[PDB]
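To begin, one chain is listed below as C-alpha cells, in the form deposited in one PDB entry.
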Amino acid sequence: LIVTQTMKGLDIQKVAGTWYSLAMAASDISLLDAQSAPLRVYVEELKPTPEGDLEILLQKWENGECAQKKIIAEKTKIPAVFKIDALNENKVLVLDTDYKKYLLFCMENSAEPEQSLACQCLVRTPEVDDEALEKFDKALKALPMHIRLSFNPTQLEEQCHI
C-alpha cells in the first residue's frame, strides 16, 4: 500500500470513452525512460463492463513498432481499486476524476517490498490542461517519483505519442 489517495464515490461507468495520457510519472527512471519501457503505455479508451470490470485499450511500443493492446482490470471490493491479471498482482487505483476532463490513476507492484509505481494524468482532449497537471503534481508530491514525462498536443494525436 504506497498510494493512499483514492476517489471517493467513483462511478466507474462514467469513465467510459476516449482518453489521452497527457503526463506520466514513475518511481524508477527505467520504468518510463526508453520508448519500449515496460510501463510506457498510452491510454486510448476505457470500456467499463456491466459487472463493473474495466477493459483498457492502449498503445505500447514493442519490437520497433507501436502495438495496440487490450487489458482487463478486474474490480475489487473497493470501487476505486482494480487488479490486472499478470504474473505478479498489479493494482490500479483511481486517485481522482471529474469524468468530463481529467482522471488521475496509479498502478503499483503489490510486493517488492519497496515496489514500483507509475501514475498518469489522463484527459479527454488533446490539449494541455494545466489545472489537471497541477492536480497530478500535487497528488504525486508525497510519492517517491524519479521520472516525469508530459506530451504536447501534436504528440497526443500520434500513435505512441511520436
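If you superpose the two forms and keep the largest set of C-alpha atoms that fall within 1.5 Å, you have the rigid core. One rule holds for the numbers: they count along the sequence shown, beginning at 1.
There is another form of this protein, the form deposited in another entry, and it is not shown here; the text below is about that form.
- For the residue set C66, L57, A37, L133, core-aligned C-alpha shifts between the shown form and the other one reach 2 angstroms or more at a single site, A37.
- Here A86 counts as shifted, since its C-alpha moves by at least 2 Å between the shown form and the other one after the core is aligned.
- In the other form, the Cα-Cα separation between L87 and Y42 shrinks by 3 Å or more relative to the displayed conformation.
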